[PDB]
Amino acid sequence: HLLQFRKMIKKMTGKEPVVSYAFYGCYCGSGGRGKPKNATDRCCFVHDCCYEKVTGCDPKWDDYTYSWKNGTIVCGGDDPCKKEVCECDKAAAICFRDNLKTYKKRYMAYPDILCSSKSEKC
């Protein structure tokens, strides 16, 4: 579920996801279009390519099970599809954390019309 993804981001990043990430760049949030704006926008590009692989379940609205065991997200459960989407979310939050230093405030709330017409390939 996206609300779980939201907690993973808030925890690792310290920022309120709905404000700082929901509308960043060209690939964060919605779907995505063009070429990733920056390091953080690429984290979203990948997260998008990830959700594209999940077949058996709904990565957006399906609740998965994970644990913050040891300051790290621990994806669990007996369902591999859900565990799959959980690993997608876990990787993105980590990605956001590692690139926090190159986060530009000018890209949050970024206009899509300004995004490339040639989208990058997963």
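Numbers for residues come from their place in the sequence shown, where the first is 1.
Here 21-29 and 110-118 are compared by their mean Cα B-factor, and 110-118 comes out higher. Here the stretch with the larger average CA B-factor, out of 90-98 and 50-58, is 50-58. Residue-level temperature factors show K35 in the middle third of its chain, judged at the C-alpha atom. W68 sits in the highest third of its chain by CA B factor, as recorded in the PDB entry.
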